[PDB]
Amino acid sequence: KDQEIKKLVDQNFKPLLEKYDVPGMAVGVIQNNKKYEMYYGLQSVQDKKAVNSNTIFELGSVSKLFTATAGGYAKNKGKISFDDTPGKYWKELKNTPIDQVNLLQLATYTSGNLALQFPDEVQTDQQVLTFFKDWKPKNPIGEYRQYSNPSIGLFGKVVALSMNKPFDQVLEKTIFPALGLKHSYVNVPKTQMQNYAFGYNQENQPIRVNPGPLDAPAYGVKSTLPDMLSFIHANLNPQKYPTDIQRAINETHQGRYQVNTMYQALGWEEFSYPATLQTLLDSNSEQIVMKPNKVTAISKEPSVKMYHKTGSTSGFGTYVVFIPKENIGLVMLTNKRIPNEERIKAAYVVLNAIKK
Ligand SMILES: *[B@]([O])([C][N]C(=O)/C(=N\OC([C])([C])C([O])=O)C1=[C]SC([N])=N1)OP([O])([O])=O
């Protein structure tokens, strides 16, 4: 049975490399605390350098899961309340319209007036402060979900303020060590640049993510397959980890509201398990990702849950999924974007063929 995992990943993931002309891929499965690492192709086309357990990939929006974990850690240490507003920590936002939005609404994209991205012109800290000072509501606060880098970005900045550390240090000095991650970075050091994969755009030109406003909390983390399998292990089996990070992890698993079949947790998307393929595909549909959607209160609190998150930068694709009840999870890292649908479907076939 264990011998089948490589064959399943070869059957379902390997063909995507030829299909989308992806230079390199790392696919990890964790089942009953056993890790399986499958490596394909090249971390660098020009250097002919093979993807391996040292290869560092851009996580894109999977970074939001670390931001969520940092938030849960700060909350359970009493450094913040999710009922708090940003002005309590970022003084220059005190008594401004954005100061009517609480930390949970920022983390779960329900300010009612924040788009996917900051405007291109917003780059400096001053321009970012100005943007939030000038912010005014549109939809009723807490009622509409619009997936937003600025929204969880501001949440990340406030978490960092609450811990009196820059956000990069919150992750690199507190959260990553607590999760036992050896090669996870906001800023990849000189000594690890040799292990940092090139991303490849739709013209197969090498690219890396550029600095941007509140980039670190929104899409700014880089990691290896082993590290991301450790992170999934922590989400499946927190008991081996410190109480503080156990509490932080449990906080990220709590559904806050529904958009039909999708439950918004902290960073994580949550579903009733078993979930149909189309439920998981629907979670990252144009309608859900790009448009505002009126939320409902959770009506059906699922007994048995699964969680996933996609991530993209210009050069990298990420997908992470775990199912506590089956004690299984999967990580996919590519140094070229492939459609979300392909990531979700490949993972669905593999996880459904192992478990039973
Ligand atoms: B996350 O990753 C977010 N994302 C972002 O931001 C981006 N983009 O976006 C889109 C288009 C939507 C995609 O998908 O990709 C970017 C690019 S470059 C950078 N830095 N960033 O989440 P998702 O949804 O993506 O998964």
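These values consider heavy atoms only, across backbone and side chains, with no hydrogens, waters or symmetry-generated copies. Residues: numbered from 1 along the sequence shown.
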* Taking atom types as modelled, is there a side-chain donor on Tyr39 or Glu37 under 3.5 Å from an acceptor on the other? -> yes
* To do: Compare every heavy atom of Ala178 with every heavy atom of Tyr241, then report the nearest pair and how far apart it is.
  => CD2-O, 3.7 Å
* Can you tell me if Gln246 and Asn76 form a side-chain donor-acceptor pair at under 3.5 Å? -> no
* **Remaining members of the apolar cluster that contains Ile207, side-chain heavy atoms under 4.5 Å** => none
* To do: Kindly indicate whether a cation-pi arrangement holds for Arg208 with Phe198, taking the cut-offs as under 6.0 Å to the six-membered ring centre and within 45° of the axis.
  => yes
* Asked: Is there side-chain contact between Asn335 and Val22, with heavy atoms separated by less than 4.5 Å?
  -> yes
* **Qualifying residues under side chain to side chain contact (heavy atoms under 4.5 Å, CB included), relative to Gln169, sequence neighbours excluded** => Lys165, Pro166, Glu172, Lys173
* Show your working on side chain to side chain donor-acceptor pair (under 3.5 Å) between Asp282 and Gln278 and close with a plain yes or no. => CA-CA 6 Å; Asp282 259 346; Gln278 187 59 48; 3.2 Å; yes
* Mind checking the OG1-NZ spacing from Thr174 to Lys77? Nearest 0.5 Å is all I need. => 10.0 Å
* Asked: When you look at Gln31 and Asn327, which way does the side chain to side chain donor-acceptor pair (under 3.5 Å) test go after all the steps?
  -> CA-CA 6 Å; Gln31 180 180 214; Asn327 204 9; over 6 Å; no
* To do: Spell out, as yes or no, whether a donor-acceptor pair under 3.5 Å connects the side chain of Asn149 to the backbone of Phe118.
  => no
* To do: Could you tell me whether the side chain of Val159 reaches within less than 4.5 Å of the side chain of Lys79, counting heavy atoms only?
  => no
* **Spacing of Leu59 atom CG and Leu333 atom CG [to the nearest 0.5 Å]** => 6.5 Å
* To do: Say whether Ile30 and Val349 are linked into one hydrophobic cluster, either directly or through other cluster members, by side-chain heavy-atom distances under 4.5 angstrom.
  => no
* Asked: Are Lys309 and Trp268 in a cation-pi setup, meaning NZ or CZ lies under 6.0 angstrom from the ring centre and within 45 degrees of the ring axis?
  -> no
* Asked: Do the side chain of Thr279 and the main chain of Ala275 share a donor and acceptor less than 3.5 angstrom apart?
  -> no
* Would a 4.5 Å heavy-atom cut-off, applied to side chains only, mark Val29 and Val9 as touching? -> yes
* Asked: Is the distance between the ring centroids of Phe13 and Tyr40 less than 6.0 Å?
  -> no
* Linking I/L/V/M/F/W/Y whenever any side-chain heavy atoms sit under 4.5 Å apart, do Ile344 and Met262 land together? -> yes
* Determine, using ring centers only, whether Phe231 and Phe66 are less than 6.0 Å apart. => yes
* Structure fact -> Rounded to the nearest 0.5 angstrom, the CD-OH distance for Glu301 and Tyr263 is 8.0 Å
* To do: Please confirm whether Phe322 and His233 have ring centers closer than 6.0 angstrom.
  => no
* To do: List for me each residue that meets ring-ring contact (aromatic ring centres under 6.0 Å, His included) alongside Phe271, sequence neighbours excluded, and say none if there are none.
  => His308
* To do: Please check if the side chain of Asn284 supplies one atom and the backbone of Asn340 the other of a donor-acceptor pair under 3.5 Å.
  => no
* Atom of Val259, atom of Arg145 and distance for their closest heavy-atom approach -> CG2-CD, 4.1 Å
